[PDB]
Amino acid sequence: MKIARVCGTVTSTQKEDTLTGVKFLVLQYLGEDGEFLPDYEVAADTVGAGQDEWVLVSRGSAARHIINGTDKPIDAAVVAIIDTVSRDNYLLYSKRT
């Protein structure tokens, strides 16, 4: 899994039937020390991640193992909203509670 931040959304009305009601978030990947990277993913989200939240994203067939994900032609999903990130025992980031 990669760490990313939620930074937008995609909407579509013409799409595979199996994607009805699927929320598509745009994610910007986060690098060392939380660098905003010039790289992005569009991902399904069944967890309920808000704008600017740090998340874990899973890619490949992992995405189909989200809740009700089985028949969906998705290759990226949000799987967790990040509460904390630590490095070498120091908190680097933490979430509003």
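Start at 1 and count along the sequence shown; that's the residue number.
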{"item": "Given 73-81 and 12-20, the range whose Cα B-factors average higher in the PDB entry", "value": "12-20"}
{"item": "Between the two ranges 58-66 and 31-39, the one averaging a larger CA B factor in the entry", "value": "31-39"}
{"item": "Cα B factor band for residue 47 (lowest, middle or highest third within the chain)", "value": "highest"}
{"item": "For residue 7, the third of its chain into which the C-alpha B factor falls", "value": "middle"}
